[PDB]
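Quick look at query15.csv (CSV, C-alpha atoms):
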```csv
chain,number,residue,atom,x,y,z
A,1,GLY,CA,-60.5,-58.5,-39.4
A,2,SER,CA,-60.8,-54.8,-38.6
A,3,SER,CA,-57.1,-54.4,-38.2
A,4,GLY,CA,-55.3,-56.7,-40.6
A,5,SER,CA,-51.7,-56.8,-41.7
A,6,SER,CA,-51.0,-56.4,-45.4
A,7,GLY,CA,-47.4,-55.1,-45.9
A,8,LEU,CA,-44.2,-56.2,-47.6
A,9,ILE,CA,-40.6,-55.4,-47.0
A,10,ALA,CA,-38.9,-55.2,-50.4
A,11,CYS,CA,-35.1,-55.3,-50.3
A,12,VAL,CA,-33.5,-53.4,-53.2
A,13,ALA,CA,-29.8,-53.4,-54.0
A,14,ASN,CA,-30.0,-50.6,-56.5
A,15,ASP,CA,-28.9,-47.5,-54.6
A,16,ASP,CA,-30.4,-45.6,-57.5
A,17,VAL,CA,-34.0,-46.7,-56.8
A,18,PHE,CA,-33.6,-44.5,-53.7
A,19,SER,CA,-33.8,-41.4,-55.9
A,20,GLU,CA,-36.5,-39.1,-57.3
A,21,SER,CA,-34.9,-39.4,-60.7
A,22,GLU,CA,-37.1,-42.1,-62.1
A,23,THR,CA,-35.6,-45.5,-61.3
A,24,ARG,CA,-37.9,-45.4,-58.3
A,25,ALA,CA,-41.1,-45.3,-60.2
A,26,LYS,CA,-40.3,-48.6,-62.0
A,27,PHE,CA,-40.0,-50.2,-58.6
A,28,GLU,CA,-43.3,-48.7,-57.5
A,29,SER,CA,-45.3,-49.5,-60.7
A,30,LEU,CA,-44.5,-53.1,-59.9
A,31,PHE,CA,-46.7,-53.0,-56.9
A,32,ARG,CA,-48.9,-49.9,-57.6
A,33,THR,CA,-50.0,-51.7,-60.8
A,34,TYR,CA,-51.8,-54.2,-58.5
A,35,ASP,CA,-53.3,-51.9,-55.8
A,36,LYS,CA,-53.9,-48.2,-56.1
A,37,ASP,CA,-54.1,-47.6,-52.3
A,38,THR,CA,-50.7,-49.2,-51.8
A,39,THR,CA,-48.3,-47.1,-49.9
A,40,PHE,CA,-44.5,-47.1,-50.3
A,41,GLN,CA,-42.0,-46.2,-47.6
A,42,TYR,CA,-38.3,-46.0,-48.6
A,43,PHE,CA,-35.8,-46.2,-45.8
A,44,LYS,CA,-32.4,-44.6,-46.8
A,45,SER,CA,-29.4,-46.4,-45.4
A,46,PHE,CA,-31.5,-49.3,-44.4
A,47,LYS,CA,-31.9,-50.2,-48.1
A,48,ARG,CA,-35.5,-51.3,-47.3
A,49,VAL,CA,-38.9,-50.5,-48.8
A,50,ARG,CA,-42.1,-51.0,-46.8
A,51,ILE,CA,-45.0,-51.5,-49.2
A,52,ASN,CA,-48.4,-51.5,-47.5
A,53,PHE,CA,-51.5,-52.8,-49.4
A,54,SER,CA,-55.2,-52.5,-48.9
A,55,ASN,CA,-55.8,-56.2,-48.9
A,56,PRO,CA,-53.8,-59.4,-47.9
A,57,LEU,CA,-54.4,-60.6,-51.5
A,58,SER,CA,-52.3,-58.3,-53.6
A,59,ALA,CA,-49.5,-58.5,-51.1
A,60,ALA,CA,-49.2,-62.1,-52.1
A,61,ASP,CA,-49.1,-61.7,-55.9
A,62,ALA,CA,-46.7,-58.8,-55.4
A,63,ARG,CA,-44.2,-61.4,-54.2
A,64,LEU,CA,-44.6,-63.9,-57.0
A,65,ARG,CA,-44.5,-61.1,-59.5
A,66,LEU,CA,-41.4,-59.8,-57.8
A,67,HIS,CA,-38.7,-61.0,-55.4
A,68,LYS,CA,-35.6,-62.7,-56.7
A,69,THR,CA,-36.9,-61.5,-60.1
A,70,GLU,CA,-34.1,-59.5,-61.8
A,71,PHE,CA,-35.3,-56.0,-61.1
A,72,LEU,CA,-33.7,-53.9,-63.9
A,73,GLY,CA,-30.9,-56.4,-63.9
A,74,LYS,CA,-30.4,-56.5,-60.1
A,75,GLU,CA,-32.0,-59.3,-58.2
A,76,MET,CA,-34.3,-58.0,-55.5
A,77,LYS,CA,-35.7,-59.6,-52.4
A,78,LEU,CA,-39.1,-59.4,-50.5
A,79,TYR,CA,-40.0,-60.3,-47.0
A,80,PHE,CA,-43.5,-60.6,-45.4
A,81,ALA,CA,-43.6,-57.8,-42.8
A,82,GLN,CA,-44.1,-59.6,-39.5
A,83,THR,CA,-47.2,-58.2,-38.0
A,84,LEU,CA,-47.6,-54.4,-37.6
A,85,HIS,CA,-46.4,-53.6,-34.1
A,86,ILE,CA,-45.5,-55.3,-30.8
A,87,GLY,CA,-48.4,-57.3,-29.5
A,88,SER,CA,-48.7,-59.5,-26.4
A,89,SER,CA,-51.4,-59.0,-23.8
A,90,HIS,CA,-50.7,-56.1,-21.5
A,91,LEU,CA,-52.5,-54.0,-18.9
A,92,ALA,CA,-56.1,-53.9,-20.0
A,93,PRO,CA,-57.3,-50.5,-21.2
A,94,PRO,CA,-59.6,-48.2,-19.2
A,95,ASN,CA,-63.4,-48.3,-19.4
A,96,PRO,CA,-64.7,-47.8,-23.0
A,97,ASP,CA,-66.6,-44.8,-24.3
A,98,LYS,CA,-69.8,-44.0,-26.3
A,99,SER,CA,-69.6,-45.1,-29.9
A,100,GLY,CA,-71.6,-46.4,-32.8
A,101,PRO,CA,-70.0,-49.2,-34.9
A,102,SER,CA,-71.3,-49.8,-38.4
A,103,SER,CA,-71.8,-53.0,-40.4
A,104,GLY,CA,-69.1,-54.9,-42.3
```

Can you turn what I pasted into structure tokens?
Amino acid sequence: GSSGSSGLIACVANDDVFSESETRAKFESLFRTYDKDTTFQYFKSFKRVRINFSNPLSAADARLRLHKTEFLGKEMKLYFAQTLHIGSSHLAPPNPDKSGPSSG
């Protein structure tokens, strides 16, 4: 699966978590602790946090180890990011180009 989806949309109610103060870290550590290549994307106003992982494994544990779990006293939620971007078969791409794929 060259291009696989391994993200998670964590919904936090603590408006503070959306600050550089520190409250944020705590939230990150929760996931970061698992994977180090995990990326975090905070969306102000949308009260959403997209956490991308390096493998479809951690993403799972990140849910059980989190979610409803009372995060600092406030219950947080987590949804499985549906795919990456719009799919569906469309106008086939133009002729390919020279390339040398490696093993996997």

For residue 61 of chain A: contacts at 10 Å, all atoms listed in the file, fewer than 4 positions along chain excluded, given as an mmCIF file with C-alpha atoms, keeping the file's coordinate frame:
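This is the output file out_21.cif:
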```cif
data_model
loop_
_atom_site.group_PDB
_atom_site.id
_atom_site.type_symbol
_atom_site.label_atom_id
_atom_site.label_comp_id
_atom_site.auth_asym_id
_atom_site.auth_seq_id
_atom_site.Cartn_x
_atom_site.Cartn_y
_atom_site.Cartn_z
ATOM 1 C CA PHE A 31 -46.700 -53.000 -56.900
ATOM 2 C CA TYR A 34 -51.800 -54.200 -58.500
ATOM 3 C CA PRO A 56 -53.800 -59.400 -47.900
ATOM 4 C CA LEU A 57 -54.400 -60.600 -51.500
ATOM 5 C CA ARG A 65 -44.500 -61.100 -59.500
ATOM 6 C CA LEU A 66 -41.400 -59.800 -57.800
#
```

Exercise. In Å, with one decimal, what is the gap from atom CA of residue 3 of chain A to atom CA of residue 53 of chain A?
Worked result: 12.6 Å

Exercise. Which polymer residues have any atom within 12 Å of an atom of residue 104 of chain A, counting all atoms listed in the file, with same-chain residues fewer than 3 positions away left out, as a ChimeraX atom specification?
Worked result: /A:1-2,101

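Using all atoms listed in the file, the nearest neighbour of residue 84 of chain A within the list A:21, A:8, A:49, A:70 is A:8.
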
Problem set entry | Polymer residues at most 12 Å from residue 71 of chain A, all atoms listed in the file, same-chain spacing of 5 or more positions, as an NGL selection string | :A and (10-14 or 17 or 23-24 or 26-30 or 65-66 or 76-78)

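Of the residues under consideration (A:93, A:25, A:15, A:98), A:15 shows the shortest atom-to-atom contact distance to residue 45 of chain A when counting all atoms listed in the file.
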
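As for atom CA of residue 103 of chain A and atom CA of residue 5 of chain A, they are spaced 20.5 Å apart.
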
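Among A:85, A:68, A:74, A:63, the residue with the shortest atom-to-atom distance to residue 51 of chain A, counting only C-alpha atoms, is A:63.
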
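Between atom CA of residue 81 of chain A and atom CA of residue 47 of chain A there is a distance of 14.9 Å.
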
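Using all atoms listed in the file for every distance, the candidate list A:50, A:97, A:43, A:22 yields A:50 as the residue closest to residue 82 of chain A.
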
Could the centre and edge lengths of an axis-aligned box, enclosing all atoms of segment 73-85 of chain A in the file with 8 Å extra on each side, be given in Å to one decimal as AutoDock Vina command-line options?
```
--center_x -39.0 --center_y -57.1 --center_z -49.0 --size_x 33.2 --size_y 23.0 --size_z 45.8
```

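Among the candidate residues A:79, A:9, A:4, A:54, the one lying nearest to residue 32 of chain A is A:54, with distances computed using all atoms listed in the file.
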
Taking the structure I provided as the source, export segment 51-97 of chain A with N, CA and C atoms, as an mmCIF file, in the first residue's frame.
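Dumped to result_10.cif:
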```cif
data_model
loop_
_atom_site.group_PDB
_atom_site.id
_atom_site.type_symbol
_atom_site.label_atom_id
_atom_site.label_comp_id
_atom_site.auth_asym_id
_atom_site.auth_seq_id
_atom_site.Cartn_x
_atom_site.Cartn_y
_atom_site.Cartn_z
ATOM 1 N N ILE A 51 -4.412 14.318 13.319
ATOM 2 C CA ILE A 51 -3.161 13.676 13.699
ATOM 3 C C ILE A 51 -2.810 12.544 12.739
ATOM 4 N N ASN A 52 -1.799 12.773 11.906
ATOM 5 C CA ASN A 52 -1.363 11.772 10.939
ATOM 6 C C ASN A 52 -0.262 10.895 11.524
ATOM 7 N N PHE A 53 -0.346 9.595 11.263
ATOM 8 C CA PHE A 53 0.643 8.647 11.764
ATOM 9 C C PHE A 53 1.465 8.063 10.619
ATOM 10 N N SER A 54 2.475 7.272 10.967
ATOM 11 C CA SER A 54 3.340 6.653 9.969
ATOM 12 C C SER A 54 2.851 5.251 9.619
ATOM 13 N N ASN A 55 1.976 4.709 10.461
ATOM 14 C CA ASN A 55 1.431 3.375 10.243
ATOM 15 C C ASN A 55 -0.016 3.293 10.723
ATOM 16 N N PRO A 56 -0.816 2.453 10.048
ATOM 17 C CA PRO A 56 -2.229 2.263 10.386
ATOM 18 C C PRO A 56 -2.414 1.531 11.712
ATOM 19 N N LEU A 57 -1.303 1.176 12.346
ATOM 20 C CA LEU A 57 -1.341 0.471 13.621
ATOM 21 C C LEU A 57 -1.566 1.444 14.775
ATOM 22 N N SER A 58 -0.572 2.289 15.032
ATOM 23 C CA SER A 58 -0.661 3.268 16.109
ATOM 24 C C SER A 58 -2.006 3.986 16.081
ATOM 25 N N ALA A 59 -2.358 4.525 14.918
ATOM 26 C CA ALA A 59 -3.619 5.236 14.756
ATOM 27 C C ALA A 59 -4.736 4.558 15.541
ATOM 28 N N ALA A 60 -4.714 3.230 15.567
ATOM 29 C CA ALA A 60 -5.724 2.462 16.284
ATOM 30 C C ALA A 60 -5.575 2.630 17.791
ATOM 31 N N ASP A 61 -4.422 2.227 18.315
ATOM 32 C CA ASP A 61 -4.153 2.334 19.745
ATOM 33 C C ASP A 61 -4.411 3.752 20.243
ATOM 34 N N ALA A 62 -4.098 4.734 19.404
ATOM 35 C CA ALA A 62 -4.297 6.134 19.759
ATOM 36 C C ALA A 62 -5.753 6.407 20.115
ATOM 37 N N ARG A 63 -6.655 5.605 19.559
ATOM 38 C CA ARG A 63 -8.081 5.762 19.818
ATOM 39 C C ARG A 63 -8.457 5.172 21.174
ATOM 40 N N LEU A 64 -8.101 3.910 21.382
ATOM 41 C CA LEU A 64 -8.400 3.227 22.636
ATOM 42 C C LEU A 64 -7.750 3.944 23.815
ATOM 43 N N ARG A 65 -6.525 4.417 23.612
ATOM 44 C CA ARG A 65 -5.795 5.123 24.657
ATOM 45 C C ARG A 65 -6.320 6.545 24.822
ATOM 46 N N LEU A 66 -7.235 6.939 23.941
ATOM 47 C CA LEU A 66 -7.818 8.275 23.989
ATOM 48 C C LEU A 66 -9.326 8.218 23.770
ATOM 49 N N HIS A 67 -9.869 9.264 23.154
ATOM 50 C CA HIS A 67 -11.300 9.333 22.882
ATOM 51 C C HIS A 67 -12.060 9.845 24.100
ATOM 52 N N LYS A 68 -13.268 9.329 24.300
ATOM 53 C CA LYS A 68 -14.099 9.733 25.428
ATOM 54 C C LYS A 68 -13.243 10.025 26.656
ATOM 55 N N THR A 69 -12.127 9.311 26.777
ATOM 56 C CA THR A 69 -11.222 9.494 27.905
ATOM 57 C C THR A 69 -11.208 10.946 28.370
ATOM 58 N N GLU A 70 -11.416 11.149 29.667
ATOM 59 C CA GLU A 70 -11.427 12.491 30.237
ATOM 60 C C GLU A 70 -10.060 13.153 30.097
ATOM 61 N N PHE A 71 -9.883 13.911 29.019
ATOM 62 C CA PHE A 71 -8.623 14.598 28.766
ATOM 63 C C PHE A 71 -8.489 15.832 29.653
ATOM 64 N N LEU A 72 -7.686 15.713 30.704
ATOM 65 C CA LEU A 72 -7.471 16.818 31.631
ATOM 66 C C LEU A 72 -8.775 17.219 32.314
ATOM 67 N N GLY A 73 -9.748 16.311 32.301
ATOM 68 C CA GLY A 73 -11.029 16.587 32.923
ATOM 69 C C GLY A 73 -12.142 16.754 31.909
ATOM 70 N N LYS A 74 -11.775 17.117 30.685
ATOM 71 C CA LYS A 74 -12.750 17.311 29.618
ATOM 72 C C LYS A 74 -12.745 16.130 28.654
ATOM 73 N N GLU A 75 -13.902 15.497 28.491
ATOM 74 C CA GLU A 75 -14.028 14.354 27.596
ATOM 75 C C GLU A 75 -13.766 14.764 26.149
ATOM 76 N N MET A 76 -12.839 14.067 25.501
ATOM 77 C CA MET A 76 -12.494 14.358 24.114
ATOM 78 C C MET A 76 -12.999 13.258 23.186
ATOM 79 N N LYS A 77 -13.117 13.580 21.902
ATOM 80 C CA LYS A 77 -13.587 12.620 20.912
ATOM 81 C C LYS A 77 -12.531 12.387 19.835
ATOM 82 N N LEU A 78 -12.696 11.310 19.075
ATOM 83 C CA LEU A 78 -11.758 10.975 18.009
ATOM 84 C C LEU A 78 -12.460 10.226 16.881
ATOM 85 N N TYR A 79 -12.310 10.727 15.661
ATOM 86 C CA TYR A 79 -12.929 10.104 14.498
ATOM 87 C C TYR A 79 -11.873 9.658 13.490
ATOM 88 N N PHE A 80 -12.135 8.538 12.826
ATOM 89 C CA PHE A 80 -11.208 8.002 11.836
ATOM 90 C C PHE A 80 -11.304 8.777 10.525
ATOM 91 N N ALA A 81 -10.309 9.620 10.269
ATOM 92 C CA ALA A 81 -10.280 10.419 9.050
ATOM 93 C C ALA A 81 -10.633 9.574 7.831
ATOM 94 N N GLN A 82 -11.786 9.858 7.234
ATOM 95 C CA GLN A 82 -12.239 9.121 6.059
ATOM 96 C C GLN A 82 -11.329 9.389 4.864
ATOM 97 N N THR A 83 -10.551 8.380 4.485
ATOM 98 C CA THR A 83 -9.633 8.506 3.359
ATOM 99 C C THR A 83 -8.811 9.786 3.460
ATOM 100 N N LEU A 84 -8.055 10.081 2.408
ATOM 101 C CA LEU A 84 -7.221 11.279 2.378
ATOM 102 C C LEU A 84 -7.901 12.394 1.590
ATOM 103 N N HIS A 85 -8.157 12.138 0.311
ATOM 104 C CA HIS A 85 -8.806 13.120 -0.550
ATOM 105 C C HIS A 85 -9.802 12.445 -1.489
ATOM 106 N N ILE A 86 -10.657 13.248 -2.114
ATOM 107 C CA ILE A 86 -11.657 12.729 -3.038
ATOM 108 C C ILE A 86 -11.051 11.694 -3.979
ATOM 109 N N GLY A 87 -11.759 10.583 -4.164
ATOM 110 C CA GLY A 87 -11.276 9.533 -5.042
ATOM 111 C C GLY A 87 -12.097 9.413 -6.310
ATOM 112 N N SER A 88 -12.698 8.246 -6.516
ATOM 113 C CA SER A 88 -13.512 8.003 -7.701
ATOM 114 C C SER A 88 -12.659 8.049 -8.966
ATOM 115 N N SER A 89 -12.946 7.148 -9.899
ATOM 116 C CA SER A 89 -12.204 7.082 -11.151
ATOM 117 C C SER A 89 -12.542 8.270 -12.047
ATOM 118 N N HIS A 90 -11.508 8.948 -12.534
ATOM 119 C CA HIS A 90 -11.694 10.105 -13.404
ATOM 120 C C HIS A 90 -10.844 9.978 -14.664
ATOM 121 N N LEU A 91 -10.859 11.020 -15.489
ATOM 122 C CA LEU A 91 -10.092 11.027 -16.729
ATOM 123 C C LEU A 91 -8.687 10.475 -16.501
ATOM 124 N N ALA A 92 -8.405 9.322 -17.100
ATOM 125 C CA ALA A 92 -7.098 8.692 -16.967
ATOM 126 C C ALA A 92 -5.978 9.679 -17.275
ATOM 127 N N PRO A 93 -4.862 9.557 -16.542
ATOM 128 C CA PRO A 93 -3.698 10.432 -16.719
ATOM 129 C C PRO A 93 -2.977 10.177 -18.039
ATOM 130 N N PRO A 94 -2.183 11.164 -18.481
ATOM 131 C CA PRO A 94 -1.424 11.069 -19.730
ATOM 132 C C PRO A 94 -0.284 10.061 -19.642
ATOM 133 N N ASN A 95 0.231 9.653 -20.798
ATOM 134 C CA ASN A 95 1.324 8.691 -20.850
ATOM 135 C C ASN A 95 2.293 8.904 -19.691
ATOM 136 N N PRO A 96 2.837 7.798 -19.164
ATOM 137 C CA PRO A 96 3.786 7.838 -18.046
ATOM 138 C C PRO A 96 5.134 8.424 -18.452
ATOM 139 N N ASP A 97 6.107 8.342 -17.550
ATOM 140 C CA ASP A 97 7.442 8.864 -17.814
ATOM 141 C C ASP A 97 8.509 7.958 -17.206
#
```
